[PDB]
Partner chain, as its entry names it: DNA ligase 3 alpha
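For reference, the chain that follows is the form deposited without the partner chain, supplied as structure tokens.
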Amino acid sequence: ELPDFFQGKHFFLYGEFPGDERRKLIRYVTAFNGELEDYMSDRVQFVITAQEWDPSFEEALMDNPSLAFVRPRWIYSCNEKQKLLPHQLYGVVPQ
């Protein structure tokens, strides 16, 4: 049956995604009981982005210290393993 290891986690897909990769990311997050937000807020816990570190990311953190910025490969890898993998292995950082 369908796994739900994303349960209780709020996602926000940020920026541009090629093709319909946004559609497939929405599907995997939804399938595993994650919750997608239409707008960025303090209720967001994971920002999924294919773009590199944005000056706005630091602004979002000043109100949401627990916020995590992760690559789309985290969602895929969680699907490959059918298991919640650490977001730290796919994080986005200012370099």
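Numbering follows the first chain given and starts at 1.
Not on display, but discussed next: the form deposited with the partner chain bound.
Contact check at 4.5 Å (heavy atoms) against the partner chain in the bound PDB entry: none of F12, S41 and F46 pass. Proximity of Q51 to the partner chain in the bound PDB entry falls outside the 4.5 Å heavy atom cutoff. The closest non-hydrogen atom of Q82 lies within 4.5 Å of the partner chain in the bound PDB entry. Of the residues in 32 to 70, those that come within 4.5 Å of the partner chain in the bound PDB entry through at least one heavy atom are, in sequence order, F32, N33.
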